>>> print(open('my_file30.txt').read())   # compact mmCIF, C-alpha atoms and all ligand atoms
# COMPACT_ATOMS: atom_id res chain seq x y z
CA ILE X 1 0.00 0.00 0.00
CA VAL X 2 1.30 3.45 -1.02
CA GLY X 3 0.40 6.42 1.26
CA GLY X 4 -1.30 4.27 3.89
CA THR X 5 -1.00 3.75 7.67
CA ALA X 6 -0.57 0.78 10.02
CA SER X 7 -3.81 -1.06 10.74
CA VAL X 8 -5.03 -1.76 14.28
CA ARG X 9 -5.21 -5.47 15.28
CA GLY X 10 -8.67 -6.80 14.37
CA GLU X 11 -9.49 -3.86 12.04
CA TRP X 12 -9.82 -6.03 8.84
CA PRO X 13 -10.59 -9.53 10.32
CA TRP X 14 -11.45 -10.90 6.81
CA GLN X 15 -7.92 -10.05 5.52
CA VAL X 16 -5.59 -13.03 5.06
CA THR X 17 -2.00 -13.43 3.94
CA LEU X 18 -1.62 -16.23 1.36
CA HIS X 19 1.92 -17.72 1.54
CA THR X 20 3.74 -20.03 -0.83
CA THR X 21 6.41 -22.57 0.48
CA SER X 22 7.98 -23.12 -3.00
CA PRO X 23 10.99 -22.63 -3.09
CA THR X 24 10.99 -20.61 0.21
CA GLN X 25 8.06 -19.64 2.38
CA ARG X 26 6.99 -16.07 1.70
CA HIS X 27 3.86 -13.91 1.33
CA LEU X 28 2.33 -14.36 -2.18
CA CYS X 29 -1.01 -12.46 -2.15
CA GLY X 30 -3.75 -10.98 -0.04
CA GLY X 31 -7.18 -12.56 0.30
CA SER X 32 -10.57 -12.34 2.05
CA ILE X 33 -12.57 -14.75 4.25
CA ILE X 34 -16.06 -14.95 2.72
CA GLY X 35 -17.11 -18.28 4.30
CA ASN X 36 -15.80 -20.72 6.95
CA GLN X 37 -13.92 -22.74 4.32
CA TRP X 38 -13.60 -20.06 1.60
CA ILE X 39 -11.02 -17.43 0.66
CA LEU X 40 -11.71 -14.97 -2.17
CA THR X 41 -8.57 -13.77 -3.97
CA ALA X 42 -7.22 -12.94 -7.48
CA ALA X 43 -6.75 -15.63 -10.16
CA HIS X 44 -3.38 -14.04 -11.30
CA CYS X 45 -1.83 -15.01 -7.90
CA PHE X 46 -1.65 -18.67 -9.06
CA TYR X 47 0.50 -18.08 -12.21
CA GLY X 48 2.92 -21.05 -12.24
CA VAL X 49 1.33 -22.56 -9.00
CA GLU X 50 1.04 -26.26 -9.98
CA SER X 51 -0.42 -27.53 -6.69
CA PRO X 52 -2.46 -26.15 -3.72
CA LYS X 53 -0.02 -28.24 -1.55
CA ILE X 54 2.51 -25.34 -1.56
CA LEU X 55 -0.07 -22.82 -0.19
CA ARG X 56 -0.72 -21.73 3.43
CA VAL X 57 -3.46 -19.29 4.47
CA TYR X 58 -2.90 -17.21 7.65
CA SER X 59 -5.89 -15.43 9.22
CA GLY X 60 -5.87 -13.21 12.36
CA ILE X 61 -2.48 -11.68 11.46
CA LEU X 62 -1.55 -8.03 11.89
CA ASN X 63 2.24 -8.50 11.50
CA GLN X 64 4.06 -10.86 9.12
CA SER X 65 6.57 -11.44 12.05
CA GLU X 66 3.70 -13.41 13.82
CA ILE X 67 4.33 -16.19 11.18
CA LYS X 68 6.88 -18.78 12.27
CA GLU X 69 7.13 -22.61 11.69
CA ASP X 70 4.84 -23.14 14.79
CA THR X 71 2.14 -20.64 13.61
CA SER X 72 -1.13 -22.33 12.72
CA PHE X 73 -2.49 -21.95 9.19
CA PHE X 74 -5.13 -23.34 6.81
CA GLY X 75 -4.10 -25.70 4.00
CA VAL X 76 -5.75 -25.32 0.61
CA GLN X 77 -7.85 -28.25 -0.58
CA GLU X 78 -8.63 -26.69 -3.95
CA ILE X 79 -7.79 -23.69 -6.13
CA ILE X 80 -10.88 -22.57 -8.15
CA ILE X 81 -9.96 -20.08 -10.91
CA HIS X 82 -12.77 -18.50 -13.01
CA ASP X 83 -12.65 -20.47 -16.28
CA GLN X 84 -12.89 -17.29 -18.51
CA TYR X 85 -9.72 -15.93 -16.83
CA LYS X 86 -6.73 -15.34 -19.15
CA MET X 87 -5.02 -12.33 -17.50
CA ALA X 88 -5.68 -9.60 -14.88
CA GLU X 89 -5.87 -6.86 -17.59
CA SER X 90 -8.60 -8.78 -19.41
CA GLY X 91 -10.84 -9.40 -16.33
CA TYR X 92 -12.30 -12.53 -14.61
CA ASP X 93 -9.43 -12.05 -12.14
CA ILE X 94 -11.13 -14.03 -9.41
CA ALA X 95 -10.29 -17.25 -7.55
CA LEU X 96 -11.60 -19.23 -4.59
CA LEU X 97 -9.52 -21.24 -2.20
CA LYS X 98 -11.38 -24.10 -0.57
CA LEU X 99 -9.70 -24.66 2.78
CA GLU X 100 -8.83 -28.14 4.20
CA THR X 101 -10.36 -27.20 7.62
CA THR X 102 -12.98 -24.76 8.96
CA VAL X 103 -12.10 -21.21 10.10
CA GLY X 104 -13.36 -20.65 13.67
CA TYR X 105 -14.88 -17.12 13.71
CA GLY X 106 -13.90 -14.66 16.48
CA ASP X 107 -12.78 -11.05 16.94
CA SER X 108 -9.47 -11.77 15.00
CA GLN X 109 -10.98 -13.62 11.99
CA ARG X 110 -14.48 -13.35 10.56
CA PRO X 111 -16.06 -13.12 7.05
CA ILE X 112 -16.77 -10.00 5.02
CA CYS X 113 -20.26 -9.76 3.36
CA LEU X 114 -20.38 -9.99 -0.39
CA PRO X 115 -22.22 -7.12 -2.16
CA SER X 116 -25.99 -7.58 -2.76
CA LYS X 117 -27.64 -7.70 -6.27
CA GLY X 118 -29.57 -4.51 -5.30
CA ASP X 119 -26.28 -2.91 -4.16
CA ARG X 120 -25.19 -2.64 -7.89
CA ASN X 121 -26.85 0.87 -7.84
CA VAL X 122 -25.42 1.96 -4.41
CA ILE X 123 -22.62 4.62 -4.23
CA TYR X 124 -19.84 3.75 -1.79
CA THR X 125 -18.05 6.76 -0.24
CA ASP X 126 -16.05 4.86 2.44
CA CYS X 127 -13.67 2.37 0.66
CA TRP X 128 -10.33 1.02 1.97
CA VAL X 129 -7.57 -1.00 0.28
CA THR X 130 -5.49 -3.19 2.65
CA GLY X 131 -2.33 -5.25 2.43
CA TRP X 132 1.30 -6.09 3.26
CA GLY X 133 2.46 -4.85 -0.21
CA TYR X 134 5.16 -2.28 -1.12
CA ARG X 135 4.98 1.40 0.01
CA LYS X 136 6.87 2.44 -3.17
CA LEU X 137 7.73 0.78 -6.52
CA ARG X 138 11.04 -0.69 -5.30
CA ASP X 139 10.45 -1.97 -1.78
CA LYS X 140 9.84 -5.13 0.24
CA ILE X 141 6.72 -6.78 1.76
CA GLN X 142 5.62 -4.82 4.84
CA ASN X 143 5.54 -6.30 8.35
CA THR X 144 2.32 -4.50 9.46
CA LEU X 145 -0.92 -4.63 7.51
CA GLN X 146 -1.38 -1.20 5.86
CA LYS X 147 -4.65 0.57 5.01
CA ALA X 148 -5.59 3.52 2.74
CA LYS X 149 -8.98 5.16 2.01
CA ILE X 150 -9.50 5.46 -1.74
CA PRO X 151 -12.46 6.98 -3.66
CA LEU X 152 -14.22 4.85 -6.29
CA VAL X 153 -13.99 6.06 -9.92
CA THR X 154 -16.64 5.60 -12.68
CA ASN X 155 -16.00 3.12 -15.52
CA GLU X 156 -16.04 6.07 -18.03
CA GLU X 157 -13.41 7.98 -16.00
CA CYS X 158 -11.30 4.81 -15.46
CA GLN X 159 -11.46 4.09 -19.25
CA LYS X 160 -10.07 7.62 -20.07
CA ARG X 161 -7.14 6.80 -17.71
CA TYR X 162 -6.33 3.47 -19.42
CA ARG X 163 -6.21 4.27 -23.15
CA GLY X 164 -5.41 1.01 -24.94
CA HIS X 165 -7.15 -1.22 -22.37
CA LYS X 166 -10.75 -2.32 -22.20
CA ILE X 167 -12.17 -1.38 -18.78
CA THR X 168 -15.28 -3.59 -18.42
CA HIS X 169 -18.19 -3.28 -15.95
CA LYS X 170 -16.75 -6.50 -14.39
CA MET X 171 -13.89 -4.12 -13.27
CA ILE X 172 -14.11 -1.38 -10.67
CA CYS X 173 -11.52 1.40 -10.28
CA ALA X 174 -10.33 3.47 -7.36
CA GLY X 175 -7.83 6.28 -7.01
CA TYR X 176 -7.17 10.02 -6.53
CA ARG X 177 -6.70 12.10 -9.71
CA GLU X 178 -3.33 13.29 -8.27
CA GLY X 179 -2.30 9.75 -7.14
CA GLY X 180 -0.51 9.21 -3.83
CA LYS X 181 -2.70 6.42 -2.34
CA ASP X 182 -3.10 2.98 -3.88
CA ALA X 183 -2.39 -0.73 -3.77
CA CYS X 184 1.11 -1.76 -4.87
CA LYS X 185 3.19 -5.02 -5.40
CA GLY X 186 2.10 -7.66 -2.84
CA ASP X 187 -1.41 -6.26 -2.27
CA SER X 188 -3.11 -8.18 -5.16
CA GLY X 189 -5.86 -10.66 -4.21
CA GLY X 190 -6.61 -8.57 -1.15
CA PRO X 191 -9.84 -6.66 -0.50
CA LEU X 192 -11.25 -3.26 -1.43
CA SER X 193 -13.69 -3.03 1.56
CA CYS X 194 -16.53 -0.45 1.58
CA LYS X 195 -18.64 0.51 4.66
CA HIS X 196 -22.32 1.18 3.89
CA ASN X 197 -25.18 1.22 6.50
CA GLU X 198 -22.57 0.26 9.19
CA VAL X 199 -21.83 -3.00 7.20
CA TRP X 200 -18.55 -3.73 5.37
CA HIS X 201 -18.85 -5.25 1.89
CA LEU X 202 -16.23 -6.82 -0.31
CA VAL X 203 -16.58 -4.37 -3.22
CA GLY X 204 -13.31 -5.23 -4.99
CA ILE X 205 -10.33 -7.61 -5.38
CA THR X 206 -6.94 -5.80 -5.88
CA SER X 207 -6.09 -6.76 -9.44
CA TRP X 208 -3.84 -4.50 -11.52
CA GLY X 209 -2.68 -0.90 -12.22
CA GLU X 210 0.04 0.92 -14.24
CA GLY X 211 2.72 1.45 -11.54
CA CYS X 212 1.64 2.30 -7.94
CA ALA X 213 -0.37 5.43 -6.87
CA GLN X 214 0.48 7.36 -10.06
CA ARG X 215 -1.40 10.49 -11.05
CA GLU X 216 -4.39 9.65 -13.31
CA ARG X 217 -3.80 5.86 -12.97
CA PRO X 218 -6.57 4.37 -10.74
CA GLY X 219 -6.08 0.92 -9.24
CA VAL X 220 -8.17 -1.66 -11.17
CA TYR X 221 -10.20 -4.16 -9.10
CA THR X 222 -12.37 -7.17 -9.85
CA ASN X 223 -15.99 -5.85 -9.38
CA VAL X 224 -17.19 -8.47 -6.81
CA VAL X 225 -20.93 -7.63 -7.28
CA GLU X 226 -20.60 -8.95 -10.90
CA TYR X 227 -19.38 -12.38 -9.61
CA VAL X 228 -21.82 -13.08 -6.71
CA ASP X 229 -23.62 -15.75 -8.79
CA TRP X 230 -20.23 -17.34 -9.79
CA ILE X 231 -19.15 -17.30 -6.06
CA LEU X 232 -22.48 -18.87 -4.99
CA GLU X 233 -22.20 -21.43 -7.82
CA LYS X 234 -18.79 -22.61 -6.56
CA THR X 235 -19.45 -22.36 -2.76
CA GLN X 236 -23.13 -23.63 -2.72
CA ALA X 237 -22.57 -26.62 -5.09
CA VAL X 238 -24.88 -29.61 -4.16
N1 LIG W 301 0.84 -2.36 -10.32
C1 LIG W 301 0.50 -2.48 -8.88
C2 LIG W 301 -0.99 -2.45 -8.60
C3 LIG W 301 -1.59 -1.21 -8.42
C4 LIG W 301 -2.95 -1.10 -8.17
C5 LIG W 301 -3.70 -2.25 -8.08
CL1 LIG W 301 -5.40 -2.14 -7.69
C6 LIG W 301 -3.14 -3.49 -8.25
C7 LIG W 301 -1.78 -3.62 -8.50
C8 LIG W 301 -1.15 -4.98 -8.57
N2 LIG W 301 -0.32 -5.28 -7.42
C9 LIG W 301 0.10 -6.52 -7.14
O1 LIG W 301 0.10 -6.97 -6.00
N3 LIG W 301 0.62 -7.21 -8.20
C10 LIG W 301 1.08 -8.57 -7.98
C11 LIG W 301 0.98 -9.42 -9.25
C12 LIG W 301 1.38 -10.86 -9.01
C13 LIG W 301 0.81 -11.59 -7.97
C14 LIG W 301 1.37 -12.79 -7.56
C15 LIG W 301 2.47 -13.30 -8.21
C16 LIG W 301 3.00 -12.62 -9.28
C17 LIG W 301 2.45 -11.41 -9.69
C18 LIG W 301 2.46 -8.58 -7.41
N4 LIG W 301 2.80 -9.11 -6.26
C19 LIG W 301 4.17 -8.95 -6.19
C20 LIG W 301 4.88 -9.51 -5.02
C21 LIG W 301 4.35 -10.62 -4.35
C22 LIG W 301 5.03 -11.20 -3.29
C23 LIG W 301 6.27 -10.69 -2.89
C24 LIG W 301 7.33 -11.07 -1.96
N5 LIG W 301 7.30 -12.06 -1.05
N6 LIG W 301 8.36 -10.24 -2.07
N7 LIG W 301 8.02 -9.33 -3.04
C25 LIG W 301 6.78 -9.57 -3.56
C26 LIG W 301 6.09 -8.96 -4.60
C27 LIG W 301 4.64 -8.31 -7.30
CL2 LIG W 301 6.22 -7.87 -7.78
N8 LIG W 301 3.56 -8.05 -8.09
>>> encode(input="my_file30.txt", output="structure tokens")
Amino acid sequence: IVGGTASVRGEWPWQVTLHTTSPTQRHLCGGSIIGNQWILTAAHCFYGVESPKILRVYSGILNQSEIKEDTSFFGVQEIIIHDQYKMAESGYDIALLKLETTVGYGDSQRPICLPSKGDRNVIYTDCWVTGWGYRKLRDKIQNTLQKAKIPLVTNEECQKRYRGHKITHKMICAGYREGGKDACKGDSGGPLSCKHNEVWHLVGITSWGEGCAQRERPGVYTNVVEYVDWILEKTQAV
């Protein structure tokens, strides 16, 4: 996160750190708890990932330093990538992780509500992007979970900012015209959480952008409301 601040413990209890153990254990992507066996993240995170056996999900983490060999985690039973997904810039940048065991809910880990079908017409004015990603273009993964409030941008306005790309309604953008606050390297897969009627909703999935927090370059997010049926299809399968 560029231009953000340290989060308070328990502030984003749906935020997870997805680690890889191949070749060395390290943070790979952000993610969100949406169910007691389900993590919602970005499909691009799994480029070259041949097995879910190399993945570890850590919930209830403020600081990456809390993760040691003895730290409990959730194994991944299955990686579910949207089957229309080709690349982040083309959309369908969404994936589900089916966990091997059940997340016990508490004040350190709980699910975030998915947007409602009716909420496609609602205007969110209180949106936050969270993660352990870089604070600048050339940096390292941050110890403490960072947060930054970002305004949503219309599709039309986002499309003017990305000449040469096709910004679909399955994408949602967020950023300041002058830049300064955004997601950066290591934040992808994480949430864009918006508070409306005292309830947090998973409005976006950190997907892609041209650089980090650049002037007239909004962050591009998977528009979660456009995938609620896909999420229900994969999580509510008979
Ligand atoms: N252009 C930035 C931008 C701006 C606004 C918005 Cl909304 C989205 C984005 C996108 N921001 C991303 O996170 N992009 C992902 C893409 C990607 C995901 C997974 C694997 C490969 C590529 C990314 N993650 C890392 C990364 C991961 C882990 C570590 C680590 N342990 N050390 N260093 C790291 C660095 C890099 Cl580099 N790039």
>>> residues_near_ligand(input="my_file30.txt", ligand="ligand LIG 301 (chain W)", cutoff="8 Å", atoms="all atoms listed in the file", output="NGL selection string")
:X and (26-29 or 44-47 or 133-134 or 139-141 or 173-174 or 182-189 or 205-213 or 218-221)
>>> write_last_selection(input="my_file30.txt", atoms="C-alpha atoms", output="PDB file, in the frame of the given file")
ATOM      1  CA  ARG X  26       6.990 -16.070   1.700  1.00  0.00           C
ATOM      2  CA  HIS X  27       3.860 -13.910   1.330  1.00  0.00           C
ATOM      3  CA  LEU X  28       2.330 -14.360  -2.180  1.00  0.00           C
ATOM      4  CA  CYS X  29      -1.010 -12.460  -2.150  1.00  0.00           C
ATOM      5  CA  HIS X  44      -3.380 -14.040 -11.300  1.00  0.00           C
ATOM      6  CA  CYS X  45      -1.830 -15.010  -7.900  1.00  0.00           C
ATOM      7  CA  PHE X  46      -1.650 -18.670  -9.060  1.00  0.00           C
ATOM      8  CA  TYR X  47       0.500 -18.080 -12.210  1.00  0.00           C
ATOM      9  CA  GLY X 133       2.460  -4.850  -0.210  1.00  0.00           C
ATOM     10  CA  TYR X 134       5.160  -2.280  -1.120  1.00  0.00           C
ATOM     11  CA  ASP X 139      10.450  -1.970  -1.780  1.00  0.00           C
ATOM     12  CA  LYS X 140       9.840  -5.130   0.240  1.00  0.00           C
ATOM     13  CA  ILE X 141       6.720  -6.780   1.760  1.00  0.00           C
ATOM     14  CA  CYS X 173     -11.520   1.400 -10.280  1.00  0.00           C
ATOM     15  CA  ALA X 174     -10.330   3.470  -7.360  1.00  0.00           C
ATOM     16  CA  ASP X 182      -3.100   2.980  -3.880  1.00  0.00           C
ATOM     17  CA  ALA X 183      -2.390  -0.730  -3.770  1.00  0.00           C
ATOM     18  CA  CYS X 184       1.110  -1.760  -4.870  1.00  0.00           C
ATOM     19  CA  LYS X 185       3.190  -5.020  -5.400  1.00  0.00           C
ATOM     20  CA  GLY X 186       2.100  -7.660  -2.840  1.00  0.00           C
ATOM     21  CA  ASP X 187      -1.410  -6.260  -2.270  1.00  0.00           C
ATOM     22  CA  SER X 188      -3.110  -8.180  -5.160  1.00  0.00           C
ATOM     23  CA  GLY X 189      -5.860 -10.660  -4.210  1.00  0.00           C
ATOM     24  CA  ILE X 205     -10.330  -7.610  -5.380  1.00  0.00           C
ATOM     25  CA  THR X 206      -6.940  -5.800  -5.880  1.00  0.00           C
ATOM     26  CA  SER X 207      -6.090  -6.760  -9.440  1.00  0.00           C
ATOM     27  CA  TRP X 208      -3.840  -4.500 -11.520  1.00  0.00           C
ATOM     28  CA  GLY X 209      -2.680  -0.900 -12.220  1.00  0.00           C
ATOM     29  CA  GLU X 210       0.040   0.920 -14.240  1.00  0.00           C
ATOM     30  CA  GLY X 211       2.720   1.450 -11.540  1.00  0.00           C
ATOM     31  CA  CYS X 212       1.640   2.300  -7.940  1.00  0.00           C
ATOM     32  CA  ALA X 213      -0.370   5.430  -6.870  1.00  0.00           C
ATOM     33  CA  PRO X 218      -6.570   4.370 -10.740  1.00  0.00           C
ATOM     34  CA  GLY X 219      -6.080   0.920  -9.240  1.00  0.00           C
ATOM     35  CA  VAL X 220      -8.170  -1.660 -11.170  1.00  0.00           C
ATOM     36  CA  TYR X 221     -10.200  -4.160  -9.100  1.00  0.00           C
TER      37      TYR X 221
END
>>> atom_distance(input="my_file30.txt", atom1="atom CA of residue X:123", atom2="atom CA of residue X:151")
10.4 Å
>>> residues_around(input="my_file30.txt", residues="residue X:8", least_positions_apart="6", cutoff="10 Å", atoms="only C-alpha atoms", output="PyMOL selection string")
chain X and resi 62+144-147
>>> atom_distance(input="my_file30.txt", atom1="atom CA of residue X:23", atom2="atom CA of residue X:95")
22.4 Å
>>> atom_distance(input="my_file30.txt", atom1="atom CA of residue X:54", atom2="atom CA of residue X:238")
27.8 Å
>>> closest_residue(input="my_file30.txt", among="X:167, X:203, X:6, X:231", to="residue X:88", atoms="only C-alpha atoms")
X:167
>>> closest_residue(input="my_file30.txt", among="X:90, X:41, X:84, X:59", to="residue X:202", atoms="all atoms listed in the file")
X:41
>>> closest_residue(input="my_file30.txt", among="X:236, X:159, X:64, X:108", to="residue X:25", atoms="only C-alpha atoms")
X:64
>>> closest_residue(input="my_file30.txt", among="X:35, X:192, X:122, X:43", to="residue X:87", atoms="all atoms listed in the file")
X:43
>>> closest_residue(input="my_file30.txt", among="X:130, X:101, X:235, X:222", to="residue X:12", atoms="all atoms listed in the file")
X:130
